[PDB]
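S.K.: There's a structure below that I have some questions on.
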Amino acid sequence: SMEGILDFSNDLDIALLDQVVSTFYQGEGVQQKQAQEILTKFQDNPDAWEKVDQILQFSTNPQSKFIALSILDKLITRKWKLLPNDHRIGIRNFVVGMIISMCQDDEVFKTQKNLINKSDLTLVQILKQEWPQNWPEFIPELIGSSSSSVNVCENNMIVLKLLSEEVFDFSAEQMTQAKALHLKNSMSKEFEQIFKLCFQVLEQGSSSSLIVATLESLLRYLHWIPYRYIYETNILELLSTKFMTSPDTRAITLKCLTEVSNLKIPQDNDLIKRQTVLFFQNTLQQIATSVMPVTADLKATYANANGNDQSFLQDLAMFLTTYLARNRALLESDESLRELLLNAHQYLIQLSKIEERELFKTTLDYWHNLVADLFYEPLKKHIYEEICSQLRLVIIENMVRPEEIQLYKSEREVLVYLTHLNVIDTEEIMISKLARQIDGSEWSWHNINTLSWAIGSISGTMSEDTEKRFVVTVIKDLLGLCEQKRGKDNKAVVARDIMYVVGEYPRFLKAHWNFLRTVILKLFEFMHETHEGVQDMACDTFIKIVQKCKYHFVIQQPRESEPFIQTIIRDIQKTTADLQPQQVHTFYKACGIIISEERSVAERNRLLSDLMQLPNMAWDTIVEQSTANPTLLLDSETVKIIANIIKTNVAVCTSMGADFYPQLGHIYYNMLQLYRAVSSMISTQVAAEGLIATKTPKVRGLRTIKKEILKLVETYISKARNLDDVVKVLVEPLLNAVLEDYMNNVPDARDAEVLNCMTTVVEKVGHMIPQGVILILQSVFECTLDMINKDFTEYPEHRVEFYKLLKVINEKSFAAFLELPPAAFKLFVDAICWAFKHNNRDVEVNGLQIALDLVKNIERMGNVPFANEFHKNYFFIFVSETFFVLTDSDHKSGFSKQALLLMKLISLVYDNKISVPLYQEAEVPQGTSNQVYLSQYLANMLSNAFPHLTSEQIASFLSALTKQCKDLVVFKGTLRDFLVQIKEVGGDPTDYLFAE
Amino acid sequence: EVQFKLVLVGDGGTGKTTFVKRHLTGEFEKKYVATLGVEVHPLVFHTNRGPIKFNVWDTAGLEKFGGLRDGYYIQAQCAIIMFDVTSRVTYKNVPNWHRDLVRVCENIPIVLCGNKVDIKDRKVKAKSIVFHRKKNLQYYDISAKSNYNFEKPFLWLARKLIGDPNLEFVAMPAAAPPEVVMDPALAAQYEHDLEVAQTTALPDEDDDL
Amino acid sequence: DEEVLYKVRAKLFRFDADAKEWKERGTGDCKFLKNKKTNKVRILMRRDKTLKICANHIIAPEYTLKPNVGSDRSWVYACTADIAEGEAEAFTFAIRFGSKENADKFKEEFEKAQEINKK
Ligand SMILES: Nc1nc2c(ncn2[C@@H]2O[C@H](COP(=O)(O)OP(=O)(O)OP(=O)(O)O)[C@@H](O)[C@H]2O)c(=O)[nH]1
Ligand SMILES: [Cl-]
Ligand SMILES: [Cl-]
Ligand SMILES: [Cl-]
Ligand SMILES: [Cl-]
Ligand SMILES: [Cl-]
Ligand SMILES: [Cl-]
Ligand SMILES: [Cl-]
Ligand SMILES: [Cl-]
Ligand SMILES: [Cl-]
Ligand SMILES: [Cl-]
Ligand SMILES: [Cl-]
Ligand SMILES: [Cl-]
Ligand SMILES: [Mg+2]
């Protein structure tokens with residue numbers, strides 16, 4: 001029965017609609033669901049708008065009327081201009097009449113806010129279409145009708161609020177530049193009369209709901225109105241006194257005064273400066289007397305979360321930080337304003353103690369502004385000494401770990417500035433907080449961690465002498481804490497924090513070799529502790545200390561027999577014996593950092609030789625057995641050992657880069673034989689067991705070997721300095737080992753890491769291996785395209801690596817694309833346009849960049865047949881494909897690069913930089929310029945794709961576009977204007993003449 | 001048991017349906033099947049203040065599948081606005097979703113959620129996310145995939161709707177499970193079903209679990 | 001009212017025959033609980049943070065832990081009656097752990113629990 005309303009051949013049963021709607025909003029399960037589908041089909045019926053005036057008159061369900069207005073809004077925003085003037089005036093009148101009727105009935109005004117507000121928005125959609133050109137009297141009548149009734153006046157404030165939002169706050173994306181300017185000038189021209197009304201309501205007062213609606217509209221006006229409406233009327237006084245005293249108006253008023261604080265205001269005017277001071281004084285006085293004193297515990301209040309307290313305290317934070325970041329200089333040089341300045345900062349100190357991360361970030365942004373100022377501005381820090389002392393404690397007690405990168409960065413910077421301003425106070429707070437860890441009063445894992453992060457964050461702020469005394473005191477105290485504590489959980493927590501602090505003070509370690517040696521040897525002891533987290537922090541601390549102090553490991557220290565790196569390597573087997581593989585790789589990576597400090601080639605190569613001793617000997621035995629017996633590789637344990645040897649090579653190559661070449665050279669031949677042997681085993685397994693084989697631990701293990709080999713070669717080549725050796729030694733064997741294996745595997749067995757490795761090869765030595773780049777294309781291009789050209793989802797890693805490879809080949813070795821057969825070149829153009837159509841931003845952006853670069857590559861060739869044949873074959877495919885992704889509303893992230901590509905394409909023709917006719921003969925007079933034909937082609941294409949546009953709209957748009965094809969910002973403006981106009985009927989063709 | 005209408009809004013593919021399904025069944029849906037209009041699911045949490053039920057109106061982010069649009073927001077008592085921290089456009093659109101929502105629901109607790117924080121290449125940086133401050137929205141970084149902060153939006157809304165800041169999620173007592181006897185008629189049935197399941201790979205074999 | 005015999009972090013899946021795919025059901029502490037009245041040992045598993053039940057069933061002596069083709073740190077087994085989601089239902093479960101060591105230890109404890117349940 002419900003499906004009855006979808007039958008338009010018969011008049012609409014309002015009582016049925018009301019049941020469908022009730023079923024949807026109040027029903028459940030299968031019934032709710034079915035009502036949902038029916039209502040969506042009803043609303044989307046393109047004649048549904050005809051039924052609106054019937055539904056509004058004869059429905060008893062306010063939800064039905066809401067949905068009726070949604071239907072009307074689709075018509076008004078999309079197809080309004082098709083309606084005869086008499087019909088548009090009809091709709092306008094039945095909307096206005098519905099609003100006035102609802103407002104005049106006190107019961108309906110109170111209870112139907114949803115439907116009234118929805119009606120008000122519908123009216124604003126009509127005003128966007130009709131006002132003021134076809135409705136000059138709207139504002140005068142609104143002002144007039146406002147004195148007739150308190151309900152109508154209040155509702156008129158809601159209409160003017162929504163008008164302001166639609167014209168000033170949300171117009172940029174939703175209207176043409178010309179239409180937005182028209183409506184802005186129109187509201188500007190009549191604002192004097194709107195403001196008069198708003199000011200009278202605020203002055204005359206009485207009804208709180210009316211006053212609140214009026215201040216809600218004022219908040220919107222403050223985004224655009226001139227300062228004189230605020231500063232040259234009584235309104236500043238009313239906002240900062242009267243409306244701050246009553247809690248109904250306090251929240252909106254605070255928001256208004258925040259926006260008042262952001263007004264564009266003259267800089268050289270003492271009366272305005274005094275007025276700016278006075279509204280702040282008045283606001284803070286009202287808060288201190290009517291809400292809470294400066295001493296109040298806002299942490300406690302916020303936590304209690306009574307009524308609107310949380311929102312009020314957030315809004316207070318926003319007002320204080322906004323006003324002070326602009327105006328605190330007004331309060332700083334006058335003795336009579338000192339108390340106001342310090343009370344306002346004292347409120348911010350209390351707000352900063354609230355347990356609410358997002359509020360803390362807001363206040364921290366302000367504190368960063370302030371302490372940065374005190375660091376540089378002369379004679380200002382002394383004002384804020386007691387504020388800064390409190391703030392030191394707030395930041396230290398709130399310090400987060402360095403993993404939370406943005407928050408830790410902000411906190412560190414504030415604490416560093418504060419430490420510079422008073423090093424003694426910072427030290428005293430940190431030592432005394434440590435004392436309360438030791439006496440147990442504030443002891444907890446969170447509290448010792450927090451303190452350790454804070455102590456770590458100020459490294460480098462103190463003098464070396466002060467740092468020395470501070471660091472020793474802190475380590476002594478943390479060691480005492482460790483001894484004092486019982487059980488391994490507690491001892492691990494304090495040990496980790498000792499390690500953390502030591503790791504953040506390299507300047508101290510570099511001056512005290514004996515201490516550094518002790519730290520390292522202690523870290524080595526900890527690498528045998530199986531207690532959770534200890535081995536990871538020992539390894540993390542080791543590599544962090546090496547990154548900073550590596551030079552001290554590579555020289556012979558006084559009273560040592562050898563550089564300490566020799567001592568580390570000698571005992572490496574024993575040191576790392578209890579570590580997990582990932583921890584072993586970190587350890588070897590850290591040794592790689594040290595060895596790369598040795599700039600004597602013979603000594604560096606010997607250290608590298610010695611470091612790689614254990615994986616090289618494990619490799620040699622495996623290779624002997626692997627060559628002797630091919631079956632030994634199948635064993636699970638051997639695959640894991642081989643993977644971990646390759647991963648150790650990757651770790652050391654990561655930190656040594658170009659210096660790693662002798663080690664790569666030692667394993668290179670047998671590593672590529674292993675790649676081939678593992679590849680055979682994978683192919684064989686997939687034949688024997690099916691595609692499921694690729695999910696098995698055995699085959700994942702084997703593929704891990706291939707991925708780590710590809711990772712090792714890409715890691716070395718990305719950092720190589722001797723490119724001649726790369727081209728002469730590495731590239732030929734690599735290409736022979738990987739390309740044919742990739743091409744001749746089934747899609748599901750192909751490693752995307754091959755594409756990634758090839759990208760680095762073309763990046764670094766592409767210019768030197770033209771035949772290699774051709775071979776790369778021949779092996780990967782057509783088989784990878786066929787994997788990714790059936791849908792947007794399959795093989796996401798191949799998809800991404802594929803377009804990165806095409807991009808770098810197109811940049812570095814464009815001759816490889818000239819060598820393609822025409823069929824293969826056509827697939828290349830297909831592949832680029834395919835990338836355009838992607839919603840993954842990685843592919844789409846590479847897609848559009850390849851298109852740009854390809855155009856540039858063709859243009860470089862000058863007037864020759866390949867370039868001429870390229871334009872004849874592909875110019876219009878690129879223009880139409882780019883227009884497609886620009887206009888289909890499914891590719892908005894690509895807007896900028898779409899516009900840049902379209903501009904380049906249009907500019908080529910506008911400049912006559914294409915030698916041959918783009919049209920095939922007897923399609924136009926044989927004299928015809930490519931400019932005339934492009935104009936014709938685009939007019940035709942846009943007309944067929946958007947048949948609701950006029951010939952005039954299309955011609956005006958294309959005239960503007962071709963004129964603006966050397967001015968990207970203006971061109972983009974015209975494109976956005978077109979995207980607005982295609983969503984509606986009867987867009988003004990003069991909009992494309994817009995000039996700022 | 002009290003029940004609250006919750007509207008979930010934000011751009012297509014930000015993770016709204018994925019987040020709700022994770023809460024409903026515990027599953028992670030990898031595939032993108034765009035919501036058509038709205039999907040309504042009851043969702044119950046057990047708190048130290050008894051059970052709380054959210055009637056979750058998971059709305060369509062794609063304009064072409066929008067259905068009733070703001071018609072879904074009527075009588076909502078709370079809302080999540082979702083964006084994708086890997087997609088800048090989705091954050092640019094947050095003020096548009098907020099606008100359409102608060103025009104219908106003037107005074108409701110709202111959580112802004114930046115989803116997909118598990119993805120390494122984050123495009124919407126912490127420093128950029130400030131829209132919530134002046135609008136008094138709670139903000140969380142979430143991952144429907146890693147479950148990072150995945151309980152927080154509901155815990156915060158529950159505290160706001162119950163008016164108890166100390167409200168916690170609790171474990172309900174677990175009833176003794178039944179002893180049963182495998183049906184000898186369905187024994188051949190089960191070896192089949194087990195064969196199929198043993199030879200279908202578990203997803204995401206590289207994860208910590 | 002229950003002794004905790006074994007606790008391990010695990011991810012639990014149920015097989016959807018229709019979609020022919022494994023769907024995750026929860027991640028959290030998997031507990032073997034011995035009822036102090038009956039001496040019956042059950043699996044009780046709760047999701048991280050929500051603490052909602054994703055597994056609640058007797059470790060029936062007739063159950064068999066099988067490997068999954070994709071994993072060396074998982075078991076699949078048919079469960080005739082699980083009460084996590086209210087009314088007792090039959091599921092094909094898969095439980096995955098942090099390591100092969102964790103999975104083997106689970107298997108060891110699961111067999112011990114099966115013998116306790118035989119009494
Ligand atoms: N990496 C990652 N992917 C996620 C996450 N959450 C969701 N996804 C994926 O992103 C897509 C989100 O799809 P949906 O949840 O349907 O998106 P939606 O916002 O509901 O979409 P509409 O219905 O179109 O509004 C799916 O492919 C999800 O698997 C996350 O936290 N991390
Ligand atoms: Cl203006
Ligand atoms: Cl200032
Ligand atoms: Cl040095
Ligand atoms: Cl040795
Ligand atoms: Cl090794
Ligand atoms: Cl070819
Ligand atoms: Cl294609
Ligand atoms: Cl088009
Ligand atoms: Cl249209
Ligand atoms: Cl539920
Ligand atoms: Cl943030
Ligand atoms: Cl906030
Ligand atoms: Mg969805």
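We label chains A, B, ... in the order they appear in the structure tokens, count residues from 1 in each chain, and number ligands from 1 in the order shown.
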So which residues are near ligand 9, meaning at most 8 Å away with only C-alpha atoms and all ligand atoms counted, given back as an NGL selection string?

M.R.: :A and (880-881 or 883-888 or 941-942 or 945-946)

S.K.: Can you tell me, as a count of residues only, which residues in stretch 2-100 of chain C count as strand (DSSP E) by DSSP?

M.R.: 59

S.K.: Around ligand 1, at most 7 Å away and counting only C-alpha atoms and all ligand atoms, which residues are there? Put them as a ChimeraX atom specification, please.

M.R.: /B:10-19,28-36,59-62,115-119,142-146

S.K.: I need the helix (DSSP H, G or I) residues of stretch 143-183 of chain B per DSSP on the backbone, written as a list in words.

M.R.: residues 152, 153, 154, 155, 156, 157, 158, 159, 160, 161 and 162 of chain B

S.K.: Please produce a file of those selected residues containing C-alpha atoms, as a PDB file, in the first residue's frame.

M.R.:
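New file result32.pdb:
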ATOM      1  CA  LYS B 152      35.965   7.394  22.117  1.00  0.00           C
ATOM      2  CA  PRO B 153      33.223   9.009  19.932  1.00  0.00           C
ATOM      3  CA  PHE B 154      30.538   6.806  21.627  1.00  0.00           C
ATOM      4  CA  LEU B 155      32.061   7.123  25.174  1.00  0.00           C
ATOM      5  CA  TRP B 156      32.063  10.964  24.833  1.00  0.00           C
ATOM      6  CA  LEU B 157      28.483  11.100  23.411  1.00  0.00           C
ATOM      7  CA  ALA B 158      27.239   8.677  26.162  1.00  0.00           C
ATOM      8  CA  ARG B 159      28.720  11.006  28.854  1.00  0.00           C
ATOM      9  CA  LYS B 160      27.009  14.057  27.213  1.00  0.00           C
ATOM     10  CA  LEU B 161      23.599  12.325  26.684  1.00  0.00           C
ATOM     11  CA  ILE B 162      23.469  10.696  30.213  1.00  0.00           C
TER      12      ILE B 162
END

S.K.: Please tabulate, as CSV, the residues of chain B that come within 7 Å of chain C, each with its closest pair of atoms and the distance in Å to one decimal, counting only C-alpha atoms and ordering rows by chain, then residue number upward.

M.R.:
residue,atom,partner,partner_atom,distance
B:25,CA,C:25,CA,6.3
B:26,CA,C:25,CA,4.6
B:27,CA,C:24,CA,4.5
B:28,CA,C:24,CA,6.5
B:151,CA,C:49,CA,6.6
B:169,CA,C:50,CA,6.2
B:170,CA,C:51,CA,6.6
B:171,CA,C:51,CA,5.2
B:177,CA,C:57,CA,5.2
B:178,CA,C:81,CA,6.8
B:179,CA,C:58,CA,6.6
B:182,CA,C:80,CA,6.8
B:194,CA,C:92,CA,6.9
B:197,CA,C:15,CA,6.4
B:198,CA,C:68,CA,4.7
B:199,CA,C:69,CA,5.4
B:200,CA,C:69,CA,7.0
B:201,CA,C:70,CA,4.6
B:202,CA,C:22,CA,6.1
B:205,CA,C:71,CA,6.9
B:208,CA,C:98,CA,5.7
B:209,CA,C:98,CA,5.4

S.K.: Got a sec to check which residues lie within 9 Å of ligand 7, using only C-alpha atoms and all ligand atoms, and send them as an MDAnalysis selection string?

M.R.: chainID A and resid 774:775 777:779 781:782 819:821 823:825

S.K.: Return as a tab-separated table (two decimals) with N, CA, C and O atoms, in the first residue's frame the residues belonging to chain B that are within 9 Å of chain A, counting only C-alpha atoms.

M.R.:
chain	number	residue	atom	x	y	z
B	31	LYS	N	35.99	-3.52	1.45
B	31	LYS	CA	35.39	-3.05	0.18
B	31	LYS	C	34.59	-1.78	0.45
B	31	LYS	O	34.05	-1.64	1.58
B	37	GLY	N	21.15	6.55	0.43
B	37	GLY	CA	20.31	7.29	1.39
B	37	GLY	C	20.85	7.15	2.80
B	37	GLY	O	21.79	7.89	3.15
B	38	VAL	N	20.31	6.22	3.59
B	38	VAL	CA	20.71	6.00	5.01
B	38	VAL	C	20.58	4.50	5.32
B	38	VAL	O	19.72	3.83	4.71
B	39	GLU	N	21.39	4.02	6.25
B	39	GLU	CA	21.31	2.68	6.88
B	39	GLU	C	21.13	2.90	8.38
B	39	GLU	O	21.94	3.65	8.97
B	40	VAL	N	20.11	2.29	8.98
B	40	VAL	CA	19.76	2.49	10.41
B	40	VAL	C	20.08	1.19	11.14
B	40	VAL	O	19.56	0.16	10.73
B	41	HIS	N	20.92	1.26	12.17
B	41	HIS	CA	21.28	0.09	13.01
B	41	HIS	C	21.23	0.48	14.47
B	41	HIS	O	21.76	1.52	14.86
B	67	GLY	N	19.87	10.75	-1.10
B	67	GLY	CA	18.48	10.52	-0.68
B	67	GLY	C	17.87	11.76	-0.05
B	67	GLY	O	17.92	12.83	-0.67
B	68	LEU	N	17.34	11.63	1.17
B	68	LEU	CA	16.60	12.72	1.86
B	68	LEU	C	17.56	13.76	2.46
B	68	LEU	O	17.06	14.75	2.97
B	69	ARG	N	18.87	13.52	2.42
B	69	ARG	CA	19.86	14.50	2.93
B	69	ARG	C	19.54	14.93	4.37
B	69	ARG	O	19.63	14.09	5.27
B	70	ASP	N	19.16	16.20	4.57
B	70	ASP	CA	18.98	16.77	5.93
B	70	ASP	C	17.69	16.23	6.56
B	70	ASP	O	17.57	16.31	7.78
B	71	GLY	N	16.79	15.67	5.75
B	71	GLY	CA	15.63	14.89	6.22
B	71	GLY	C	16.03	13.81	7.21
B	71	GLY	O	15.19	13.46	8.04
B	72	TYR	N	17.26	13.28	7.13
B	72	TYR	CA	17.76	12.24	8.06
B	72	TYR	C	18.07	12.83	9.43
B	72	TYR	O	18.10	12.07	10.39
B	74	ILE	N	16.48	15.07	11.27
B	74	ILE	CA	15.30	15.46	12.10
B	74	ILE	C	15.32	14.64	13.39
B	74	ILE	O	15.44	13.41	13.31
B	75	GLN	N	15.26	15.34	14.53
B	75	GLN	CA	15.16	14.78	15.91
B	75	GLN	C	16.38	13.93	16.28
B	75	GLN	O	16.28	13.13	17.23
B	87	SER	N	42.67	12.52	2.85
B	87	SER	CA	41.97	13.25	1.75
B	87	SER	C	41.56	14.66	2.21
B	87	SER	O	40.51	14.82	2.88
B	88	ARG	N	42.34	15.66	1.79
B	88	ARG	CA	42.18	17.09	2.19
B	88	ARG	C	40.77	17.59	1.85
B	88	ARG	O	40.20	18.36	2.65
B	89	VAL	N	40.23	17.18	0.71
B	89	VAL	CA	38.88	17.65	0.28
B	89	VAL	C	37.86	17.28	1.36
B	89	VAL	O	36.94	18.08	1.60
B	96	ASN	N	30.67	22.21	5.64
B	96	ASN	CA	29.43	22.08	4.82
B	96	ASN	C	28.49	21.07	5.49
B	96	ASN	O	27.29	21.38	5.61
B	103	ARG	N	21.68	23.38	11.22
B	103	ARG	CA	20.44	24.07	10.77
B	103	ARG	C	19.21	23.25	11.18
B	103	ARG	O	18.15	23.87	11.42
B	104	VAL	N	19.33	21.92	11.27
B	104	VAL	CA	18.22	21.01	11.68
B	104	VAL	C	18.33	20.69	13.19
B	104	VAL	O	17.26	20.58	13.82
B	105	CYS	N	19.54	20.50	13.72
B	105	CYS	CA	19.81	20.08	15.13
B	105	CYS	C	20.67	21.14	15.82
B	105	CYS	O	21.92	21.05	15.74
B	125	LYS	N	47.07	17.39	8.35
B	125	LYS	CA	48.00	17.44	9.51
B	125	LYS	C	47.24	17.96	10.74
B	125	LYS	O	46.35	18.81	10.56
B	126	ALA	N	47.62	17.47	11.92
B	126	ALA	CA	47.08	17.88	13.24
B	126	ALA	C	46.90	19.40	13.27
B	126	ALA	O	45.78	19.85	13.56
B	127	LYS	N	47.95	20.15	12.92
B	127	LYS	CA	48.01	21.63	12.96
B	127	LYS	C	46.82	22.23	12.18
B	127	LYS	O	46.36	23.29	12.59
B	130	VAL	N	41.25	22.54	13.18
B	130	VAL	CA	40.88	23.58	14.19
B	130	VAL	C	39.37	23.88	14.12
B	130	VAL	O	38.90	24.64	14.99
B	132	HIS	N	36.64	22.41	14.85
B	132	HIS	CA	35.89	21.97	16.06
B	132	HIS	C	35.91	23.02	17.18
B	132	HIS	O	35.00	22.99	18.00
B	133	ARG	N	36.92	23.89	17.26
B	133	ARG	CA	37.15	24.76	18.44
B	133	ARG	C	35.98	25.74	18.61
B	133	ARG	O	35.30	25.68	19.65
B	134	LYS	N	35.74	26.59	17.61
B	134	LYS	CA	34.67	27.62	17.68
B	134	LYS	C	33.30	26.95	17.61
B	134	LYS	O	32.34	27.59	18.07
B	135	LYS	N	33.18	25.72	17.09
B	135	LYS	CA	31.86	25.03	17.00
B	135	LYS	C	31.61	24.13	18.21
B	135	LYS	O	30.54	23.49	18.24
B	136	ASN	N	32.54	24.08	19.16
B	136	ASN	CA	32.42	23.28	20.41
B	136	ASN	C	32.19	21.80	20.06
B	136	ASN	O	31.41	21.13	20.77
B	138	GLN	N	33.71	17.96	19.98
B	138	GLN	CA	34.81	17.07	20.40
B	138	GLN	C	35.53	16.63	19.12
B	138	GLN	O	34.88	16.56	18.06
B	139	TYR	N	36.85	16.45	19.19
B	139	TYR	CA	37.65	15.92	18.06
B	139	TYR	C	38.40	14.67	18.52
B	139	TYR	O	38.98	14.68	19.62
B	160	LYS	N	27.81	12.84	27.51
B	160	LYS	CA	27.01	14.06	27.21
B	160	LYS	C	25.51	13.74	27.32
B	160	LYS	O	24.80	14.53	27.96
B	163	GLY	N	24.54	12.80	30.90
B	163	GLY	CA	24.94	13.89	31.81
B	163	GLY	C	25.73	13.36	32.99
B	163	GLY	O	25.54	13.86	34.11
B	164	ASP	N	26.59	12.36	32.75
B	164	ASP	CA	27.52	11.81	33.77
B	164	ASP	C	28.93	11.77	33.18
B	164	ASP	O	29.22	10.92	32.33
B	165	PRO	N	29.85	12.65	33.64
B	165	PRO	CA	31.20	12.71	33.08
B	165	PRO	C	32.09	11.50	33.44
B	165	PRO	O	33.09	11.32	32.76
B	166	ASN	N	31.69	10.72	34.45
B	166	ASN	CA	32.47	9.58	35.01
B	166	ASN	C	31.96	8.24	34.45
B	166	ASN	O	32.44	7.20	34.93
B	199	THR	N	40.74	-23.78	3.82
B	199	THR	CA	41.40	-23.54	2.51
B	199	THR	C	41.05	-22.14	1.97
B	199	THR	O	41.41	-21.86	0.81
B	200	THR	N	40.38	-21.30	2.76
B	200	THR	CA	40.26	-19.83	2.53
B	200	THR	C	41.20	-19.10	3.49
B	200	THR	O	41.04	-19.28	4.71
B	201	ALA	N	42.13	-18.30	2.97
B	201	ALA	CA	43.17	-17.60	3.75
B	201	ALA	C	42.52	-16.60	4.72
B	201	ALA	O	41.54	-15.95	4.32
B	202	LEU	N	43.04	-16.50	5.94
B	202	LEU	CA	42.68	-15.40	6.88
B	202	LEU	C	43.21	-14.09	6.29
B	202	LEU	O	44.30	-14.08	5.73
B	205	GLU	N	47.57	-11.16	7.07
B	205	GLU	CA	48.47	-12.11	7.78
B	205	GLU	C	49.74	-11.38	8.26
B	205	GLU	O	50.49	-11.98	9.03

S.K.: Can I get the residues close to ligand 5 as a list in words, where close means within 12 Å and we count only C-alpha atoms and all ligand atoms?

M.R.: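 Taking only C-alpha atoms and all ligand atoms into account, the residues around ligand 5 at most 12 Å away are residues 569, 570, 571, 572, 573, 574, 575, 577, 610, 611, 613, 614 and 617 of chain A.
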
S.K.: How would you report the residues lying within 6 Å of ligand 3, as a ChimeraX atom specification, if you count only C-alpha atoms and all ligand atoms?

M.R.: /A:325-329
